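J.: Mind looking over this structure? Questions follow.
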Amino acid sequence: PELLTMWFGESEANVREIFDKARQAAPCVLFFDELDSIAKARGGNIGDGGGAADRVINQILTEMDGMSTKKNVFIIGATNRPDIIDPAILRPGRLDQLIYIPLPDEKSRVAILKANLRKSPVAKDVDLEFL
Amino acid sequence: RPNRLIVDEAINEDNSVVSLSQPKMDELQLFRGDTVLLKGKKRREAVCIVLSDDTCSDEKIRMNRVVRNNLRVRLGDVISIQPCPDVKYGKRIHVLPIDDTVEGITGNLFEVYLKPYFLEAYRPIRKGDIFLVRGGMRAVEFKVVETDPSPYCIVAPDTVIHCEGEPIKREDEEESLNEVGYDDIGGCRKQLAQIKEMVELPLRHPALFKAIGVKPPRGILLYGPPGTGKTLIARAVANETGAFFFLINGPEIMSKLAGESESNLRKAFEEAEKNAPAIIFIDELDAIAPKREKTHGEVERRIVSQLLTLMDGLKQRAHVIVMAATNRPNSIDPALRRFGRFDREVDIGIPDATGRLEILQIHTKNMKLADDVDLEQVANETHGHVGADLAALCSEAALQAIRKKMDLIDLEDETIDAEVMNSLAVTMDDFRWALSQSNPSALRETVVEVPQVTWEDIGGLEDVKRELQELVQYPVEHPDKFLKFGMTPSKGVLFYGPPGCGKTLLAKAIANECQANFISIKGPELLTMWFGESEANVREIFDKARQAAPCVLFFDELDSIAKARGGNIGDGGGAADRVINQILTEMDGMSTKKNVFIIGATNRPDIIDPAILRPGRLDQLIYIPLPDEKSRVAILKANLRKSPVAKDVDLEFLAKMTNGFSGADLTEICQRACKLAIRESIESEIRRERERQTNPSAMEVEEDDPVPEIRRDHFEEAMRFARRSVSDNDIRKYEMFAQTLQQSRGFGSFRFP
Ligand SMILES: Nc1ncnc2c1ncn2[C@@H]1O[C@H](COP(=O)(O)OP(=O)(O)OP(=O)(O)O)[C@@H](O)[C@H]1O
Ligand SMILES: Nc1ncnc2c1ncn2[C@@H]1O[C@H](COP(=O)(O)OP(=O)(O)O)[C@@H](O)[C@H]1O
């Protein structure tokens, strides 16, 4: 959401100070939520503001090429739809490792429910794995 | 010392009445309704009848402005009340008016004013006491310079009042009630309470507070529309507390000469610091404190820097507080909002109809009203006005009333007769004329207020109403359960359904039940906000709502974003996405601690963007069914109880012929029936004069069917031509969306755990 907020207007400097701040706090991990949202502007019901998306992508790629090996800062990106996003990112020297997210399955669901129940109440009246 | 009591305002208009609790009355050996003797500064003695009222606390003593000036004390002070119920009857009264209280009157105070003032009042008057009588338009003070017996006496039938002679001169102790006070301001109870809370302590106990050695607030702002009495508020507070109020005006200072304004402002600061614990008031600072980009010139920056440097030199020890007033805190430079600088911010909103009522009452107090008083009706009519507006309205209504009799009265040019001004009374006709030629000021400005919609206005959906009650009232009713389970209440609720179901009415009803302010958002307003000023308006409205918790932040036509973005337009998508992103950011930044609810309503759920369809965002989606048959008549009754109907054939049959009709078309049918009834009454009347134009008086009386009573003919005419508001296929899409959310559910069946 705030990425698309920036998407109208500041698209080049803002990323610059963001990555400068990230570099200063090394070691650190940078996380990106719903990168495909940018391509959602590229591919969507409008498909006309793509210049800003081009600016954002160019800035991101330029900074990634500008990332020195000495800096120890990992970058993670979460995307629901990898197909719409530009494959140009998927190249060596950039995001390369793609990991699928399987659905929770039984024991995973049991552990998730236990973690949720850790808040206060107890569920000693049913079978969690049954559910 | 269980006798001295902290002073408090006396609601009773009687000057010499003080309300005491029974244990204090018994302890001080006082009778019932007798007179007590109070000493204050300079041991000045005042005699006051004990008033039969225990409403005030026993440690408190009800005591109005007149006795406070008699005792040379201020509000929050103490009294020296001592047993003296042996007051003597009056023998002769020697009271003369002050010179500057009856100028331009040339009348007799004794008969016109003093005679009704002292008629069965029995006011204990003491040698040196000050008593005021409020008359036709002014208030006149008097002092008992000398009397028999000494010093006090009782107003009694055996009275000898000498009201003949030159008016007395100034007694040099002031004690004048013509100035301002707390009771002279209305419509700002909460704000006044806050100001008292954060102001009184440093002023009441300066040395004690220094002995505390804790930093007090130093920068306080009031922001709001002009003409709301901010200067009045500051002046009244300063005068009542007791200080050395100092005023500074922007234009009067900045345009003095070159840089001399710096010298003037400095001189003001060290002058104030050299006198006493005081308050320095600044008006229209934005005229000298614009935005940084707005500083086109150079000297303005120098002036701002000088001001900041001077005010920041208020190191810990400072008995002087700085009060500054301006409009909305937008044009003001941001650096002024820092700590040590202006940090406390207060808004002065537009008073409601009730606030207008009190403003009129405190303004029209002096004028003699007629018997056609409809102050409540006027306050109802005067939406979009401020205290200055109402004061001007009253003034020019008085001029209209007086001007009606210029020829009858000998106008002359020398003097006037008090009987003449006493005779004139302001009539409701004068008020109607005054409102006819009037100019409201607020107009283009959003209003914040608790709505007045009650539950019986909307019929049916009681289960949904209870669900909204659970989601809204219960978390603030029982936060204990929520914290015991450690579960956070839902942030907001969304509504979807056919239009004309009064979803906004439901929002207003629940807000009124919750007793919280309401905020309205319009789709046209949002689309206006698309282009140009977009982020700032969203930010300021969110901040205002967060400040005024508890409050209900309502949104209407939320689907309008998709109406212009999606579809065949595809052009305003950029601004729409700007607005949507701003809204999402602001709502995500909101904290559940703040008692603010976000409510969005729509009639096109399918077109809604799915971004909000995420946890933390609007997730509780409620369908609004279309009411047909069942309680429809109840809804009819809800819209029919407004005006009488008397004779009717059947409401159930009326519900029978109609089907699938919302509140909109039902109310439209009711309005059509009323229109036909009005038409019939008007044409029958016109027939009556078209008979009487060539005839003598033919008894033009109530025989015109003017009673509110809709016959079956009007109902039949209404049902002859009445189109269904909703199309069946639209209901099909609504059910399709219901099935869509059922598929998102997927599982609704029952399986045993
Ligand atoms: N709540 C109120 N109670 C009584 N009088 C009021 C109220 N609001 C406004 N008035 C009247 O309206 C006028 C406002 O005067 P004034 O210009 O000092 O107000 P203000 O709002 O402080 O203005 P400014 O914008 O110059 O600071 C006065 O005549 C005052 O008596
Ligand atoms: N007593 C009532 N009960 C239910 N609905 C009502 C009642 N009185 C008015 N309404 C409805 O309130 C609507 C006004 O609210 P509005 O915000 O326009 O709702 P919508 O957006 O669904 O049309 C009117 O169209 C009318 O149908």
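Following Swiss-Prot, chain B residues are numbered 22-774, in order.
This deposition comes from electron microscopy, 4.5 Å.
Cβ atoms here come from the backbone N, Cα and C positions, even for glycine.
The feature phosphoserine is assigned by Swiss-Prot to B:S37, B:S462, B:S702, B:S770, with a large-scale study or a structure entry given as support. As annotated by Swiss-Prot, ATP 1 binding site applies to B:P247, B:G248, B:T249, B:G250, B:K251, B:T252, B:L253, B:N348, B:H384. Swiss-Prot lists B:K315 with the feature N6,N6,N6-trimethyllysine, giving experimental evidence as the kind of evidence. Per Swiss-Prot, phosphothreonine is recorded for B:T436. According to Swiss-Prot, the feature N6-acetyllysine maps to B:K502, B:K505, B:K668, B:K754. Among the features that Swiss-Prot reports, ATP 2 binding site is placed at B:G521, B:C522, B:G523, B:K524, B:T525, B:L526, with the record citing similarity to another entry. Under the heading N6-succinyllysine, Swiss-Prot lists B:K668, citing similarity to another entry as support. Marked as region 'Disordered' by Swiss-Prot: B:708-727.
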J.: May I ask which of the recorded positions B:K315, B:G521, B:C522, B:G523, B:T525, B:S702 have a CB within less than 6 Å of any atom of ligand 2, listed in sequence order?
T.: B:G521, B:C522, B:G523, B:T525
J.: Work through the binding-site residues one by one (B:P247, B:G523) and point out the residue whose CB has the fewest other CB atoms within 10 angstroms.
T.: B:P247
J.: Between B:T525 (ATP 2 binding site) and B:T249 (ATP 1 binding site), what is the CA-CA distance rounded to a whole number of Å?
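T.: B:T525 (ATP 2 binding site) to B:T249 (ATP 1 binding site), Cα-Cα distance: 31 Å.
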J.: Using DSSP, how many residues in the region 'Disordered' (B:708-727) fall into helix, strand and coil?
T.: 6 helix, 0 strand, 14 coil
J.: Give me the long-range Cβ neighbours of B:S462 (phosphoserine): same chain, 6+ apart, Cβ under 8 Å, in sequence order.
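T.: Looking at Cβ-Cβ distances below 8 Å from B:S462 (phosphoserine), excluding near sequence neighbours, one finds B:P246, B:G248, B:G405, B:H406, B:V407, B:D410.
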J.: Among B:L253, B:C522, B:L526, all listed as binding-site residues, which has the most CB atoms within 10 Å of its CB?
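T.: Per the Cβ count within 10 Å, the most buried is B:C522.
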J.: Would you mind ranking the modified residues B:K502, B:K754 by how many other Cβ atoms sit within 10 Å of each Cβ and giving me the lowest?
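T.: Looking at the modified residues B:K502, B:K754, the Cβ with the fewest others within 10 Å is that of B:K502.
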J.: Compute the mean position of the Cβ atoms of B:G521, B:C522, B:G523, B:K524, B:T525, B:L526, which form the recorded ATP 2 site, and then list in sequence order the other residues of that chain whose Cβ is within 8 Å of it.
T.: B:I479, B:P520, B:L527, B:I645, B:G684
J.: Can you tell which of the recorded positions B:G521, B:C522, B:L526, B:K668, B:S770 lies nearest to B:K251 (ATP 1 binding site) in space, using Cα positions?
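T.: Answer for the nearest of the recorded positions: B:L526.
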J.: Listed recorded positions are B:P247, B:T249, B:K251, B:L253, B:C522, B:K668; which sit with C-beta under 6 angstroms of ligand 1?
T.: B:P247, B:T249, B:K251, B:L253
J.: For the binding-site residues B:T249, B:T525, work out the Cβ neighbour count at 10 Å and name the residue with the minimum.
T.: B:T525
J.: Looking only at DSSP and grouping its letters into three states, which state does B:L253 (ATP 1 binding site) belong to?
T.: helix
J.: How many other Cβ atoms are found within 10 Å of the Cβ atom of B:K315 (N6,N6,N6-trimethyllysine), counting all protein chains shown?
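T.: For B:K315 (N6,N6,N6-trimethyllysine), the 10 Å Cβ neighbour count is 12.
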J.: Taking 10 A as the limit, how many CB atoms besides its own sit near the CB of B:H384 (ATP 1 binding site)?
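T.: Result for B:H384 (ATP 1 binding site): 18 neighbouring Cβ atoms inside 10 Å.
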J.: The record names B:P247, B:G248, B:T249, B:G250, B:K251, B:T252, B:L253, B:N348, B:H384 as the residues that bind ATP 1; what is their largest Cα to Cα distance in Å?
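T.: Those residues reach a largest Cα separation of 25 Å.
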J.: Can you figure out which of B:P247, B:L253, B:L526 (the binding-site residues) comes closest in space to the residue listed as 'phosphothreonine', comparing Cα atoms?
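T.: With Cα distances computed to the residue listed as 'phosphothreonine', the winner among B:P247, B:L253, B:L526 is B:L253.
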